[PDB]
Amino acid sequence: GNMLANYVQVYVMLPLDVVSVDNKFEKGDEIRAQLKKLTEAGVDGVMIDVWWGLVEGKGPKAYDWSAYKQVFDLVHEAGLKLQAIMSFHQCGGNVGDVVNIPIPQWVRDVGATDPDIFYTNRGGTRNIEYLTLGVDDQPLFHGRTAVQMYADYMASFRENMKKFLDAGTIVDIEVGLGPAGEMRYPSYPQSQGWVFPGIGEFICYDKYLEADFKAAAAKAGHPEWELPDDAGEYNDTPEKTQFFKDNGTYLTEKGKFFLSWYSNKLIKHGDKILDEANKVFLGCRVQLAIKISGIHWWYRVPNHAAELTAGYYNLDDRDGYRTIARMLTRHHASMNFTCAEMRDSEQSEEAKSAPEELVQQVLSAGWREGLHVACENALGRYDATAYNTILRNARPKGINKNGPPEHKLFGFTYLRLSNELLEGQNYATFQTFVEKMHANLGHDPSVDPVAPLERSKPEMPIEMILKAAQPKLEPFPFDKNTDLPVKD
């Protein structure tokens, strides 16, 4: 047979500051020159955050797409594909961050009288990076619900970016579903004192979510159940808490119920927003995608505390990522993950980290459910070893010289475009990496054509999503090293 299906697309994330904090595009010459280097390297496309805080920052439904239209023109001009992130979250916000784009001010002004629009921890601190899913359907924003704001925003995107959708330049719409665009709770915020590898905190104490839990608990026959109060704080370790210790509460009926409620609220948050995104982009030659955070710390202990507080109900015998993958199937949505470049030996022992096992579990879960799985690197790397790790995860069993690979990533996106990537040995090493991802076949402008987006299949009962959690299956086999390594 033939081995064309070993080809893995490579995308490059554009710089964080590509559009200025005042929603102006001022880097036309630089970007054009940078994209020229990417085409010379055989890159398939680029990816960009489309910041809600810029486009709708001046007022409700006051959409200004003018800066992004200019960037998209340069990408189209370059013959590159484009993945657009609907970025409903804050950019920056930490002391020292250069690019700071909070969510629109008129949205946050509602918090002056209703601070419960923000994800809230047990101590009462409000996180302003992203609106709590508890107000998904609360009409608090000049009459609109949060989901309405997101759907209207994506609708205006489709109408205004018609030229690039019709031409096929845009191939993916990534729907931001939480902090950093990731479908998770803000369980480890730097802005509130979290330091790696703290277990994080459950962030479900805003009045809307607490009322939701109260109702669910009452209906379950346990009105005495309250939200956890024994889980510790951001920087604790699992054994210093009653919730996560051995024979802790997370193993009790009470704990199991809360964790199920917590993680299920997140899954249905994505399910409903993907449903509305599917209707907005119906007929467009795009695939919808979500982004899953790579919470690799405390993976090597039974409590998986850091994953649990982020909203991923993942245990040694419970696959908290295949449930998410099962939810995505009806939307034909792709699952975008991270940590593609990480090796277990690169992490510290005290963090109980296992990024390789995490990546293998997530990829395997997506592949078991027939999804397109794509990945990013979590940290900026320019060394051959990082690329060889990505190559391993891109084709776990290497090249199939007489057919399609057993499994493969649908794509990889490199974080992140910069001048240091495009100079000297960094650029030469990157170009070799693209060649190996393409299986030495060369850049293919027409690979993986995107079919017109079809309507989501019928919504599943939560039982069908939860069925995927157990029995937890072993991951598909991954080779230790790629068969197509890059020379240092």
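When you see a residue number, it is the position in the sequence shown, counting from 1.
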query	finding
Between 393-401 and 113-121 (mean CA B-factor, as deposited), the higher	393-401
Given 4-12 and 477-485, the range whose Cα B-factors average higher in the PDB entry	477-485
Candidate set 129, 226, 307, 212 [ranked by C-alpha B-factor, highest]	226
Options 48, 31, 422, 460 - largest CA temperature factor per the record	422
Ranked C-alpha temperature factor of residue 221 among modelled chain residues, by third	highest
Residue 44 CA temperature factor, ranked by third within the chain	lowest
Chain-relative CA temperature factor third for residue 53	lowest
Modelled-residue ranking by C-alpha temperature factor, third containing residue 150	lowest
Residue 19, C-alpha B-factor rank within chain (lowest, middle or highest third)	lowest
